[PDB]
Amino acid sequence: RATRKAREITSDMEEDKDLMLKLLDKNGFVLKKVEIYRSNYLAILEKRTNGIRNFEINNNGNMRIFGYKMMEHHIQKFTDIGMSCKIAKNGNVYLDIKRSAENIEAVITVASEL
């Protein structure tokens, strides 16, 4: 038989990832490395700040922020611009929002003014 594909990365995703890296280096975000895990680009921060651990551009059409024990009033600032949030029992924070040049910029700007 055959395996699953699994799932493509589109040209839009690379550019969006390019923009993320562009804005992170622009906003002084130091990256440990970039990973592809489950067909996703993960810019893993070496120095986690304000509980944020890495910035991700996922194939589901969303941009996500992965953190640990972030302050709620910090999380609220991200939810204030339309991002959803689910906090796990262990303190992990999951922030999601639809990919777009405007939304990616707004998310990183907020993270930079944190």
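In case it trips you up, residue 1 is the first one in the sequence shown, and so on.
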(request) May I ask you to compare 89 to 97 and 15 to 23 by their mean CA B factor in the entry and name the higher one? (result) 89 to 97
(request) Between 103 to 111 and 2 to 10, point out the one with the higher average CA B-factor as the PDB entry records it. (result) 2 to 10
(message) According to the Cα B-factor stored in this entry, which of the following is highest: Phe55, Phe78, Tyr68, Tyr37?
(response) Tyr68
(message) Quick check on the deposited entry: does the C-alpha B-factor of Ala43 sit in the lowest, middle or highest third of its chain?
(response) lowest
